[PDB]
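Structure file input08.pdb with PDB, C-alpha atoms and all ligand atoms:
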ATOM      1  CA  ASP A 443      82.386 108.704 142.408
ATOM      2  CA  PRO A 444      83.513 105.014 142.473
ATOM      3  CA  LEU A 445      87.273 104.989 143.156
ATOM      4  CA  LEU A 446      87.115 107.357 146.112
ATOM      5  CA  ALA A 447      83.886 106.098 147.712
ATOM      6  CA  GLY A 448      84.562 102.409 146.974
ATOM      7  CA  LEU A 449      88.263 101.821 147.683
ATOM      8  CA  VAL A 450      89.247 101.613 151.356
ATOM      9  CA  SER A 451      92.785 101.993 149.994
ATOM     10  CA  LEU A 452      94.050 103.710 146.839
ATOM     11  CA  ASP A 453      96.601 101.505 145.068
ATOM     12  CA  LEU A 454      98.664 104.042 143.168
ATOM     13  CA  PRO A 455     101.991 102.750 141.853
ATOM     14  CA  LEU A 456     105.062 103.250 144.031
ATOM     15  CA  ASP A 457     107.574 105.458 142.247
ATOM     16  CA  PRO A 458     110.698 105.371 144.406
ATOM     17  CA  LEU A 459     112.356 108.319 142.671
ATOM     18  CA  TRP A 460     109.701 110.648 144.105
ATOM     19  CA  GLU A 461     108.009 108.925 147.072
ATOM     20  CA  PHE A 462     108.529 110.910 150.250
ATOM     21  CA  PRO A 463     108.285 109.772 153.892
ATOM     22  CA  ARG A 464     105.028 110.928 155.400
ATOM     23  CA  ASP A 465     106.593 111.174 158.858
ATOM     24  CA  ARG A 466     109.156 113.669 157.563
ATOM     25  CA  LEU A 467     106.326 116.029 156.645
ATOM     26  CA  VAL A 468     104.337 118.457 158.842
ATOM     27  CA  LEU A 469     101.205 120.098 157.418
ATOM     28  CA  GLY A 470     100.482 123.731 158.319
ATOM     29  CA  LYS A 471      97.858 126.284 157.281
ATOM     30  CA  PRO A 472      96.115 126.945 153.900
ATOM     31  CA  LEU A 473      98.108 128.666 151.173
ATOM     32  CA  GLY A 474      96.214 131.129 148.961
ATOM     33  CA  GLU A 475      92.440 131.001 148.421
ATOM     34  CA  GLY A 476      92.313 127.569 146.776
ATOM     35  CA  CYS A 477      91.033 128.390 143.294
ATOM     36  CA  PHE A 478      93.109 125.319 142.367
ATOM     37  CA  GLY A 479      92.259 122.750 145.048
ATOM     38  CA  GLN A 480      93.193 122.458 148.711
ATOM     39  CA  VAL A 481      96.756 123.679 148.970
ATOM     40  CA  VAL A 482      98.549 123.831 152.238
ATOM     41  CA  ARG A 483     101.879 125.186 153.491
ATOM     42  CA  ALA A 484     104.060 122.647 155.275
ATOM     43  CA  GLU A 485     107.471 121.907 156.722
ATOM     44  CA  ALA A 486     109.534 119.066 155.263
ATOM     45  CA  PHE A 487     112.565 117.424 156.866
ATOM     46  CA  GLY A 488     115.603 116.049 155.082
ATOM     47  CA  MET A 489     114.992 117.205 151.517
ATOM     48  CA  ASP A 495     117.832 116.529 159.228
ATOM     49  CA  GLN A 496     117.301 120.131 158.029
ATOM     50  CA  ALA A 497     113.725 121.441 157.648
ATOM     51  CA  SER A 498     112.467 123.524 154.719
ATOM     52  CA  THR A 499     109.150 125.188 153.924
ATOM     53  CA  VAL A 500     107.122 123.557 151.147
ATOM     54  CA  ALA A 501     103.646 123.612 149.624
ATOM     55  CA  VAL A 502     101.414 120.552 149.652
ATOM     56  CA  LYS A 503      98.398 119.801 147.499
ATOM     57  CA  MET A 504      95.814 117.215 148.537
ATOM     58  CA  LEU A 505      92.271 116.215 147.591
ATOM     59  CA  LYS A 506      89.428 118.353 149.013
ATOM     60  CA  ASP A 507      87.391 116.202 151.361
ATOM     61  CA  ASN A 508      84.566 116.007 148.819
ATOM     62  CA  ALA A 509      86.791 115.372 145.787
ATOM     63  CA  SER A 510      85.402 113.574 142.747
ATOM     64  CA  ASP A 511      87.225 110.787 140.908
ATOM     65  CA  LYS A 512      88.032 113.439 138.277
ATOM     66  CA  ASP A 513      89.646 115.521 141.010
ATOM     67  CA  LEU A 514      91.789 112.456 141.786
ATOM     68  CA  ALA A 515      92.683 111.971 138.124
ATOM     69  CA  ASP A 516      93.501 115.675 137.738
ATOM     70  CA  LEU A 517      95.867 115.699 140.753
ATOM     71  CA  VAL A 518      97.520 112.475 139.585
ATOM     72  CA  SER A 519      97.889 113.912 136.059
ATOM     73  CA  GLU A 520      99.505 117.103 137.306
ATOM     74  CA  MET A 521     101.783 114.979 139.457
ATOM     75  CA  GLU A 522     102.925 112.826 136.565
ATOM     76  CA  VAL A 523     103.468 115.872 134.319
ATOM     77  CA  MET A 524     105.654 117.587 136.938
ATOM     78  CA  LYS A 525     107.815 114.437 137.151
ATOM     79  CA  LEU A 526     108.809 114.648 133.459
ATOM     80  CA  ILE A 527     109.493 118.388 133.295
ATOM     81  CA  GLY A 528     112.693 118.367 135.326
ATOM     82  CA  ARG A 529     114.171 120.912 137.694
ATOM     83  CA  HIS A 530     114.761 124.559 136.992
ATOM     84  CA  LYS A 531     115.366 127.462 139.349
ATOM     85  CA  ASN A 532     112.711 129.629 137.703
ATOM     86  CA  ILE A 533     109.800 127.189 137.831
ATOM     87  CA  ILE A 534     107.758 125.734 140.700
ATOM     88  CA  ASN A 535     109.364 122.302 141.052
ATOM     89  CA  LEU A 536     107.923 119.000 142.258
ATOM     90  CA  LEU A 537     109.774 118.055 145.442
ATOM     91  CA  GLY A 538     108.042 114.802 146.348
ATOM     92  CA  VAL A 539     104.894 112.696 146.631
ATOM     93  CA  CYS A 540     103.121 110.575 149.211
ATOM     94  CA  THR A 541     101.058 107.876 147.463
ATOM     95  CA  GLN A 542     101.728 104.762 149.530
ATOM     96  CA  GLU A 543      99.539 103.940 152.527
ATOM     97  CA  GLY A 544      97.733 107.238 153.194
ATOM     98  CA  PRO A 545      96.046 110.303 151.597
ATOM     99  CA  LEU A 546      97.511 111.518 148.294
ATOM    100  CA  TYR A 547      99.947 114.396 148.928
ATOM    101  CA  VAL A 548     101.807 116.340 146.249
ATOM    102  CA  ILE A 549     104.770 118.218 147.647
ATOM    103  CA  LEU A 550     106.184 121.220 145.802
ATOM    104  CA  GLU A 551     108.159 124.426 146.114
ATOM    105  CA  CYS A 552     106.636 127.172 148.198
ATOM    106  CA  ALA A 553     106.734 130.799 147.094
ATOM    107  CA  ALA A 554     106.204 132.860 150.222
ATOM    108  CA  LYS A 555     105.559 136.259 148.622
ATOM    109  CA  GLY A 556     102.592 135.399 146.373
ATOM    110  CA  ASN A 557     102.217 135.997 142.635
ATOM    111  CA  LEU A 558     104.119 138.566 140.653
ATOM    112  CA  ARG A 559     101.136 140.838 139.889
ATOM    113  CA  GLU A 560     100.305 141.363 143.589
ATOM    114  CA  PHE A 561     103.983 141.651 144.517
ATOM    115  CA  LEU A 562     104.417 144.566 142.115
ATOM    116  CA  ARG A 563     101.112 146.289 142.958
ATOM    117  CA  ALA A 564     101.861 146.208 146.706
ATOM    118  CA  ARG A 565     105.220 147.926 146.143
ATOM    119  CA  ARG A 566     103.998 150.708 143.823
ATOM    120  CA  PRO A 567     105.358 154.202 144.617
ATOM    121  CA  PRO A 568     102.914 156.900 145.790
ATOM    122  CA  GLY A 582     113.148 152.780 144.330
ATOM    123  CA  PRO A 583     111.857 149.339 145.459
ATOM    124  CA  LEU A 584     110.770 148.542 141.908
ATOM    125  CA  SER A 585     113.630 150.153 140.040
ATOM    126  CA  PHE A 586     114.463 149.490 136.404
ATOM    127  CA  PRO A 587     117.045 146.801 137.391
ATOM    128  CA  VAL A 588     114.554 144.977 139.630
ATOM    129  CA  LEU A 589     111.948 144.984 136.852
ATOM    130  CA  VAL A 590     114.352 143.790 134.147
ATOM    131  CA  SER A 591     115.554 141.135 136.572
ATOM    132  CA  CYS A 592     111.963 139.870 137.030
ATOM    133  CA  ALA A 593     111.488 139.679 133.270
ATOM    134  CA  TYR A 594     114.861 137.994 132.779
ATOM    135  CA  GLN A 595     114.101 135.258 135.310
ATOM    136  CA  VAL A 596     110.733 134.451 133.752
ATOM    137  CA  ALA A 597     112.357 134.350 130.310
ATOM    138  CA  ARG A 598     114.890 131.873 131.638
ATOM    139  CA  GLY A 599     112.053 129.787 133.048
ATOM    140  CA  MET A 600     110.186 129.861 129.751
ATOM    141  CA  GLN A 601     113.338 129.026 127.757
ATOM    142  CA  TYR A 602     113.812 126.017 130.024
ATOM    143  CA  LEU A 603     110.178 124.922 129.625
ATOM    144  CA  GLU A 604     110.409 125.353 125.862
ATOM    145  CA  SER A 605     113.552 123.175 125.744
ATOM    146  CA  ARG A 606     111.484 120.477 127.501
ATOM    147  CA  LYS A 607     108.832 120.865 124.810
ATOM    148  CA  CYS A 608     106.334 122.298 127.282
ATOM    149  CA  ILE A 609     103.860 124.935 126.047
ATOM    150  CA  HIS A 610     102.446 126.912 128.950
ATOM    151  CA  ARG A 611      99.334 128.437 127.302
ATOM    152  CA  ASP A 612      98.518 130.742 130.260
ATOM    153  CA  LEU A 613     101.624 132.823 130.911
ATOM    154  CA  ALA A 614     100.792 135.940 132.959
ATOM    155  CA  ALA A 615     102.100 137.807 136.020
ATOM    156  CA  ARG A 616      99.327 136.224 138.128
ATOM    157  CA  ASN A 617     100.942 132.880 137.185
ATOM    158  CA  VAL A 618     104.492 133.792 138.262
ATOM    159  CA  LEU A 619     105.252 133.244 141.944
ATOM    160  CA  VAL A 620     107.795 135.071 144.106
ATOM    161  CA  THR A 621     109.885 133.285 146.690
ATOM    162  CA  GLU A 622     111.208 134.517 150.009
ATOM    163  CA  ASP A 623     114.388 135.508 148.201
ATOM    164  CA  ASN A 624     112.525 137.286 145.408
ATOM    165  CA  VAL A 625     113.156 134.553 142.824
ATOM    166  CA  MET A 626     110.599 134.311 140.003
ATOM    167  CA  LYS A 627     109.024 130.852 139.660
ATOM    168  CA  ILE A 628     106.567 130.136 136.877
ATOM    169  CA  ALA A 629     103.423 128.408 138.111
ATOM    170  CA  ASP A 630     101.153 126.335 135.945
ATOM    171  CA  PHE A 631      97.591 125.628 137.023
ATOM    172  CA  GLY A 632      96.741 123.919 133.743
ATOM    173  CA  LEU A 633      98.748 120.674 133.706
ATOM    174  CA  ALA A 634      95.648 118.428 133.967
ATOM    175  CA  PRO A 652      93.001 134.885 130.040
ATOM    176  CA  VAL A 653      91.929 136.267 126.674
ATOM    177  CA  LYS A 654      93.975 139.457 127.121
ATOM    178  CA  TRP A 655      97.099 137.247 127.260
ATOM    179  CA  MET A 656      96.345 135.120 124.163
ATOM    180  CA  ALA A 657      98.111 135.441 120.808
ATOM    181  CA  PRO A 658      95.676 136.101 117.916
ATOM    182  CA  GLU A 659      96.262 132.615 116.491
ATOM    183  CA  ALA A 660      95.292 131.159 119.862
ATOM    184  CA  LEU A 661      92.188 133.386 120.137
ATOM    185  CA  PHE A 662      91.148 132.540 116.568
ATOM    186  CA  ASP A 663      92.077 128.894 115.979
ATOM    187  CA  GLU A 664      93.052 127.595 119.414
ATOM    188  CA  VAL A 665      96.574 127.175 118.074
ATOM    189  CA  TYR A 666      99.060 127.150 120.973
ATOM    190  CA  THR A 667     102.781 127.251 120.292
ATOM    191  CA  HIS A 668     106.002 128.421 121.929
ATOM    192  CA  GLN A 669     105.576 131.498 119.798
ATOM    193  CA  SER A 670     102.118 132.108 121.238
ATOM    194  CA  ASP A 671     103.743 131.864 124.693
ATOM    195  CA  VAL A 672     106.155 134.545 123.461
ATOM    196  CA  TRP A 673     103.135 136.768 122.746
ATOM    197  CA  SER A 674     101.919 136.226 126.327
ATOM    198  CA  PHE A 675     105.406 136.975 127.602
ATOM    199  CA  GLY A 676     105.137 140.350 125.862
ATOM    200  CA  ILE A 677     101.895 140.978 127.764
ATOM    201  CA  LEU A 678     103.648 139.848 130.973
ATOM    202  CA  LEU A 679     106.444 142.303 130.132
ATOM    203  CA  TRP A 680     103.866 145.099 129.922
ATOM    204  CA  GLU A 681     102.410 143.844 133.218
ATOM    205  CA  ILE A 682     105.834 144.108 134.836
ATOM    206  CA  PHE A 683     106.573 147.686 133.704
ATOM    207  CA  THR A 684     103.160 149.036 134.619
ATOM    208  CA  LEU A 685     103.878 147.533 138.068
ATOM    209  CA  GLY A 686     101.014 145.050 137.914
ATOM    210  CA  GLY A 687      98.749 146.989 135.564
ATOM    211  CA  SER A 688      95.725 145.344 133.937
ATOM    212  CA  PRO A 689      96.159 144.790 130.160
ATOM    213  CA  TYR A 690      94.004 146.685 127.609
ATOM    214  CA  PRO A 691      92.261 148.965 130.111
ATOM    215  CA  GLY A 692      88.676 149.896 129.313
ATOM    216  CA  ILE A 693      88.372 147.284 126.600
ATOM    217  CA  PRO A 694      85.681 144.571 126.841
ATOM    218  CA  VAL A 695      87.043 141.067 126.250
ATOM    219  CA  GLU A 696      84.556 140.480 123.398
ATOM    220  CA  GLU A 697      86.024 143.384 121.381
ATOM    221  CA  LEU A 698      89.675 142.361 121.679
ATOM    222  CA  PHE A 699      89.945 140.064 118.649
ATOM    223  CA  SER A 700      88.753 142.607 116.074
ATOM    224  CA  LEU A 701      90.929 145.148 117.888
ATOM    225  CA  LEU A 702      94.009 142.919 117.633
ATOM    226  CA  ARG A 703      93.174 142.003 114.022
ATOM    227  CA  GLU A 704      92.853 145.702 113.189
ATOM    228  CA  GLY A 705      96.328 146.068 114.643
ATOM    229  CA  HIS A 706      95.727 147.565 118.087
ATOM    230  CA  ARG A 707      98.605 147.209 120.573
ATOM    231  CA  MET A 708      99.176 148.513 124.090
ATOM    232  CA  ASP A 709     101.227 151.705 124.419
ATOM    233  CA  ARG A 710     104.554 152.202 126.211
ATOM    234  CA  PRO A 711     104.343 152.175 130.026
ATOM    235  CA  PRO A 712     105.722 155.299 131.783
ATOM    236  CA  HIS A 713     108.343 153.204 133.553
ATOM    237  CA  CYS A 714     109.662 151.856 130.236
ATOM    238  CA  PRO A 715     112.692 152.679 128.061
ATOM    239  CA  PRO A 716     111.855 152.714 124.330
ATOM    240  CA  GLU A 717     114.219 149.752 123.854
ATOM    241  CA  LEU A 718     112.294 147.490 126.239
ATOM    242  CA  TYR A 719     109.025 148.624 124.694
ATOM    243  CA  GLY A 720     110.588 147.604 121.386
ATOM    244  CA  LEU A 721     110.905 144.098 122.780
ATOM    245  CA  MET A 722     107.283 143.996 123.897
ATOM    246  CA  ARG A 723     106.147 145.090 120.457
ATOM    247  CA  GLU A 724     108.219 142.406 118.786
ATOM    248  CA  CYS A 725     106.545 139.819 121.048
ATOM    249  CA  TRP A 726     103.198 141.077 119.705
ATOM    250  CA  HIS A 727     104.055 140.581 116.052
ATOM    251  CA  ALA A 728     101.091 139.192 114.095
ATOM    252  CA  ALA A 729     103.305 136.634 112.390
ATOM    253  CA  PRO A 730     104.539 134.068 114.945
ATOM    254  CA  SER A 731     107.859 133.722 113.069
ATOM    255  CA  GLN A 732     108.606 137.442 113.464
ATOM    256  CA  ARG A 733     108.355 137.320 117.268
ATOM    257  CA  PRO A 734     111.611 136.752 119.149
ATOM    258  CA  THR A 735     112.387 133.319 120.579
ATOM    259  CA  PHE A 736     112.818 132.890 124.329
ATOM    260  CA  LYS A 737     116.529 132.331 123.808
ATOM    261  CA  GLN A 738     116.726 135.808 122.226
ATOM    262  CA  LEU A 739     114.603 137.316 124.961
ATOM    263  CA  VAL A 740     116.941 135.863 127.614
ATOM    264  CA  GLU A 741     120.056 137.214 125.837
ATOM    265  CA  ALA A 742     118.512 140.653 125.232
ATOM    266  CA  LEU A 743     117.360 140.999 128.853
ATOM    267  CA  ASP A 744     120.726 139.694 130.128
ATOM    268  CA  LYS A 745     122.560 142.422 128.196
ATOM    269  CA  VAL A 746     120.343 145.160 129.627
ATOM    270  CA  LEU A 747     121.117 143.794 133.100
ATOM    271  CA  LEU A 748     124.882 143.935 132.613
ATOM    272  CA  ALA A 749     124.656 147.451 131.151
ATOM    273  CA  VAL A 750     123.098 148.599 134.426
TER     274      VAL A 750
HETATM  275  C1  LIG B 801      91.996 132.226 142.885
HETATM  276  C2  LIG B 801      93.020 132.905 143.684
HETATM  277  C3  LIG B 801      93.944 131.841 144.279
HETATM  278  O1  LIG B 801      93.459 131.061 145.094
HETATM  279  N1  LIG B 801      95.359 131.776 143.838
HETATM  280  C4  LIG B 801      96.322 130.822 144.286
HETATM  281  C5  LIG B 801      97.559 130.676 143.650
HETATM  282  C6  LIG B 801      98.458 129.750 144.096
HETATM  283  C7  LIG B 801      98.092 128.971 145.149
HETATM  284  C8  LIG B 801      98.940 127.914 145.777
HETATM  285  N2  LIG B 801     100.158 127.413 145.110
HETATM  286  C9  LIG B 801     100.038 126.386 144.114
HETATM  287  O2  LIG B 801      98.974 126.031 143.829
HETATM  288  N3  LIG B 801     101.201 125.828 143.522
HETATM  289  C10 LIG B 801     101.152 124.779 142.511
HETATM  290  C11 LIG B 801     100.575 123.531 142.728
HETATM  291 CL1  LIG B 801      99.818 123.077 144.206
HETATM  292  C12 LIG B 801     100.583 122.587 141.738
HETATM  293  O3  LIG B 801      99.984 121.332 142.008
HETATM  294  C13 LIG B 801      99.705 120.479 140.918
HETATM  295  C14 LIG B 801     101.178 122.885 140.540
HETATM  296  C15 LIG B 801     101.785 124.120 140.309
HETATM  297  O4  LIG B 801     102.400 124.438 139.090
HETATM  298  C16 LIG B 801     102.948 123.426 138.381
HETATM  299  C17 LIG B 801     101.747 125.046 141.315
HETATM  300 CL2  LIG B 801     102.415 126.574 141.251
HETATM  301  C18 LIG B 801     101.416 127.892 145.555
HETATM  302  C19 LIG B 801     101.496 129.063 146.288
HETATM  303  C20 LIG B 801     102.765 129.526 146.725
HETATM  304  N4  LIG B 801     102.868 130.679 147.454
HETATM  305  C21 LIG B 801     101.826 131.579 147.513
HETATM  306  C22 LIG B 801     101.514 132.182 148.672
HETATM  307  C23 LIG B 801     100.466 133.092 148.690
HETATM  308  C24 LIG B 801      99.757 133.360 147.503
HETATM  309  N5  LIG B 801      98.650 134.298 147.453
HETATM  310  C25 LIG B 801      98.269 134.986 148.530
HETATM  311  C26 LIG B 801      97.179 135.865 148.395
HETATM  312  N6  LIG B 801      96.550 136.034 147.218
HETATM  313  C27 LIG B 801      95.486 136.913 147.103
HETATM  314  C28 LIG B 801      96.941 135.334 146.154
HETATM  315  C29 LIG B 801      98.025 134.436 146.271
HETATM  316  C30 LIG B 801     100.078 132.791 146.359
HETATM  317  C31 LIG B 801     101.120 131.882 146.347
HETATM  318  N7  LIG B 801     103.817 128.821 146.435
HETATM  319  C32 LIG B 801     103.645 127.729 145.737
HETATM  320  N8  LIG B 801     102.502 127.235 145.284
HETATM  321  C33 LIG B 801      96.893 129.094 145.771
HETATM  322  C34 LIG B 801      96.008 130.024 145.326
END
Can the structure in the file be given as structure tokens, please?
Amino acid sequence: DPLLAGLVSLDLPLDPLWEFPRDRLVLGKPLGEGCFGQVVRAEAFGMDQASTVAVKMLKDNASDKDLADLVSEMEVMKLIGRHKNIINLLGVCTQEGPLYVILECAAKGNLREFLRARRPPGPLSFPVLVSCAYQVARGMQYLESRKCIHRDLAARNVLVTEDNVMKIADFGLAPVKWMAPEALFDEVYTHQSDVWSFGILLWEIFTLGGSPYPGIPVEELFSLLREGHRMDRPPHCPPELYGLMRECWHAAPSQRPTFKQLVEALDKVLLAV
């Protein structure tokens, strides 16, 4: 792997809007189980006040493709822009040292685990659940407005911060049970196919981290979905919210709600409470 083995220095372009002082950063201990590279928790100063951040770097046996993938993710996060309900880029270190990508840390893990850990034998009341859904919908609406199609929206890909804020994660910037039929069939991915996945995420939320389509082998799902199968209402779910889910799972992409509508609908339920 030429670039990494051959170059005693890696001449990435300086981008002053994002470059971050290496001596204002302090690397701590691994974050997660690194299914997505070596990711480390860290403290970052003057973002003279410290704050906890996450830092991604190359694994010490990274290939040139690993380098390209990290750089690609980096560049994509630059263009997306800031929103409260997504994991934001906070900075980069590219000049005169190892490549570091600095981003928001979510201390409480992903949304699926968060819910499962707090299952009753309350903490996960109707308002808390609607609020989770609402936040994600706001995140997706923002992403949509930036012309970004997620393609893998699921509770396992939503992260929870210290203050219980939902932040959409995206490990695909460089599964089947969450894919719209048109994506399963023709590898067509749209905002409306994200809406389908959001419906599945909604079901995930109200079953408190339940696994979609229980007892159904992934190979059977397409004929099942073609023949019109849909998941049933979760016990913790008002008919009206289930109605939303089912609209997200409309066969025709045009008959699924938009994320703007999902935000407004979920917002109204929140006020009502
Ligand atoms: C295979 C299981 C696994 O290892 N999952 C896992 C998920 C998330 C992380 C680390 N985070 C992360 O990668 N963020 C990130 C990065 Cl580095 C980039 O870089 C390009 C892009 C994007 O999206 C654009 C994102 Cl999100 C991460 C984690 C956290 N907090 C956090 C803490 C703990 C856990 N956790 C603990 C225990 N289990 C079992 C699962 C998960 C998850 C997340 N905040 C921010 N980013 C690493 C591994």
> Given a cut-off of 9 Å, what residues near ligand LIG 801 (chain B) show up using all atoms listed in the file, put as an MDAnalysis selection string?
Replying inline: chainID A and resid 472:483 500:504 516:521 523:524 533:536 548:557 560 616:621 627:634
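Comparing the minimum interatomic distances between residue 563 (chain A) and each of A:687, A:694, A:528, A:545, counting only C-alpha atoms, we find that A:687 sits nearest.
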> How many Å separate CA of residue 676 (chain A) from CA of residue 529 (chain A)?
Replying inline: 24.5 Å
>> Between CA of residue 720 (chain A) and CA of residue 566 (chain A), what is the distance in Å, rounded to a tenth?
In response: 23.6 Å
> Please, what distance in Å, to one decimal, runs between CA of residue 462 (chain A) and CA of residue 532 (chain A)?
Replying inline: 22.9 Å
> Counting only C-alpha atoms, what is within 6 Å of region 680-686 of chain A, bar same-chain residues fewer than 6 positions away, as a PyMOL selection string?
Replying inline: chain A and resi 559+562-563+711+713
Report as a tab-separated table (two decimals) with C-alpha atoms, in the coordinates of the input all protein, DNA and RNA residues lying within 12 Å of residue 457 (chain A), evaluated on only C-alpha atoms, omitting residues in the same chain fewer than 6 positions from it.
chain	number	residue	atom	x	y	z
A	521	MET	CA	101.78	114.98	139.46
A	522	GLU	CA	102.92	112.83	136.56
A	525	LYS	CA	107.82	114.44	137.15
A	538	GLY	CA	108.04	114.80	146.35
A	539	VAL	CA	104.89	112.70	146.63
A	540	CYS	CA	103.12	110.58	149.21
A	541	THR	CA	101.06	107.88	147.46
A	542	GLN	CA	101.73	104.76	149.53
> Which residue, A:674, A:498, A:624, A:591, has the smallest gap to residue 742 (chain A) when you use all atoms listed in the file?
Replying inline: A:591
> Can you list, as a VMD selection string, the residues that the PyMOL selection byres (((chain A and resi 451) around 8) and not hetatm) selects here?
Replying inline: chain A and resid 449 to 450 452 to 453 543 to 544
>> Neighbouring residues of residue 691 (chain A) were defined as those with any atom within 12 Å, considering all atoms listed in the file; residues of the same chain fewer than 5 positions away were excluded. Please report them as a list in words.
In response: residues 654, 681, 684, 698, 707, 708 and 709 of chain A
Show me a table, sorted first by chain and then by increasing residue number, of the residues of region 514-656 of chain A having an atom at most 10 Å from region 743-747 of chain A, each with its shortest atom pair and the distance in Å to one decimal, counting all atoms listed in the file and written as a Markdown table.
| residue | atom | partner | partner_atom | distance |
| --- | --- | --- | --- | --- |
| A:586 | CA | A:747 | CA | 9.4 |
| A:587 | CA | A:747 | CA | 6.6 |
| A:588 | CA | A:747 | CA | 9.3 |
| A:589 | CA | A:747 | CA | 10.0 |
| A:590 | CA | A:743 | CA | 6.7 |
| A:591 | CA | A:747 | CA | 7.1 |
| A:592 | CA | A:743 | CA | 9.9 |
| A:593 | CA | A:743 | CA | 7.5 |
| A:594 | CA | A:743 | CA | 5.5 |
| A:595 | CA | A:743 | CA | 9.2 |
| A:597 | CA | A:743 | CA | 8.4 |
| A:598 | CA | A:743 | CA | 9.9 |
>> Using only C-alpha atoms for the distances, tell me which of A:515, A:714, A:653, A:445 is nearest to residue 585 (chain A).
In response: A:714
>> For residue 510 (chain A), find every residue with an atom within 9 Å (counting only C-alpha atoms), except residues of its own chain fewer than 6 positions away, and show them as a PyMOL selection string.
In response: chain A and resi 443-446
Take the PyMOL selection byres (((chain A and resi 659-668) around 12) and not hetatm), run it mentally on this structure, and tell me the resulting residues as a compact mmCIF listing (two decimals) with C-alpha atoms, in the coordinates of the input.
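The resulting file, part25.txt, is reproduced below:
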# COMPACT_ATOMS: atom_id res chain seq x y z
CA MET A 600 110.19 129.86 129.75
CA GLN A 601 113.34 129.03 127.76
CA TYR A 602 113.81 126.02 130.02
CA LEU A 603 110.18 124.92 129.62
CA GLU A 604 110.41 125.35 125.86
CA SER A 605 113.55 123.18 125.74
CA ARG A 606 111.48 120.48 127.50
CA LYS A 607 108.83 120.86 124.81
CA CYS A 608 106.33 122.30 127.28
CA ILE A 609 103.86 124.94 126.05
CA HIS A 610 102.45 126.91 128.95
CA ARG A 611 99.33 128.44 127.30
CA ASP A 612 98.52 130.74 130.26
CA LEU A 613 101.62 132.82 130.91
CA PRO A 652 93.00 134.88 130.04
CA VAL A 653 91.93 136.27 126.67
CA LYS A 654 93.98 139.46 127.12
CA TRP A 655 97.10 137.25 127.26
CA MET A 656 96.34 135.12 124.16
CA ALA A 657 98.11 135.44 120.81
CA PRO A 658 95.68 136.10 117.92
CA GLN A 669 105.58 131.50 119.80
CA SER A 670 102.12 132.11 121.24
CA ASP A 671 103.74 131.86 124.69
CA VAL A 672 106.16 134.54 123.46
CA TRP A 673 103.14 136.77 122.75
CA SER A 674 101.92 136.23 126.33
CA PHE A 675 105.41 136.98 127.60
CA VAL A 695 87.04 141.07 126.25
CA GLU A 696 84.56 140.48 123.40
CA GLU A 697 86.02 143.38 121.38
CA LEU A 698 89.68 142.36 121.68
CA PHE A 699 89.94 140.06 118.65
CA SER A 700 88.75 142.61 116.07
CA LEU A 702 94.01 142.92 117.63
CA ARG A 703 93.17 142.00 114.02
CA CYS A 725 106.54 139.82 121.05
CA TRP A 726 103.20 141.08 119.70
CA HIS A 727 104.06 140.58 116.05
CA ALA A 728 101.09 139.19 114.10
CA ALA A 729 103.30 136.63 112.39
CA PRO A 730 104.54 134.07 114.94
CA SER A 731 107.86 133.72 113.07
CA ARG A 733 108.36 137.32 117.27
CA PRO A 734 111.61 136.75 119.15
CA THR A 735 112.39 133.32 120.58
CA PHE A 736 112.82 132.89 124.33
CA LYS A 737 116.53 132.33 123.81
>> Between A:626, A:467, A:596, A:614, which residue has the minimum interatomic distance to residue 740 (chain A), considering only C-alpha atoms?
In response: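 The closest residue to residue 740 (chain A) is A:596.
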